[PDB]
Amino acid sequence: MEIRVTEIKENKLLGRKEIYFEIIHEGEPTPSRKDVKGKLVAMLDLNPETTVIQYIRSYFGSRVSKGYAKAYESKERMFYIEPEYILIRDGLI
């Protein structure tokens, strides 16, 4: 797969960077959340312990998946804001 970061928003209130990206996965199966996270962590040199994938979405008209990740300033902050299901399926809990 190849990832293209399209926008990074700062959220000083919630202590996080909001990262919007595209996942190109032609001539391969749709990547797992874990693989996509691993790829994004590597590219932006993120702390995987304070990074969550909110979504990896696919669309009817499109071969390219759209992703939303958050990189938290701290794991305590992440835990305060993020719902439990997000932390579970992204391996944080």
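Sequential numbering from 1, following the sequence displayed.
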* Pull the Cα B-factor of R77 out of the PDB entry and bin it into the chain's lowest, middle or highest third. => highest
* **Relative C-alpha B-factor of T30, binned into the chain's lowest, middle or highest third** => highest
* In terms of the chain's CA B-factor thirds, is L13 lowest, middle or highest? -> highest
* Mind checking which third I3 falls in for C-alpha B-factor across the chain? -> lowest
* Would you check the entry's CA temperature factor for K39 and let me know if it's in the chain's lowest, middle or highest third? => lowest
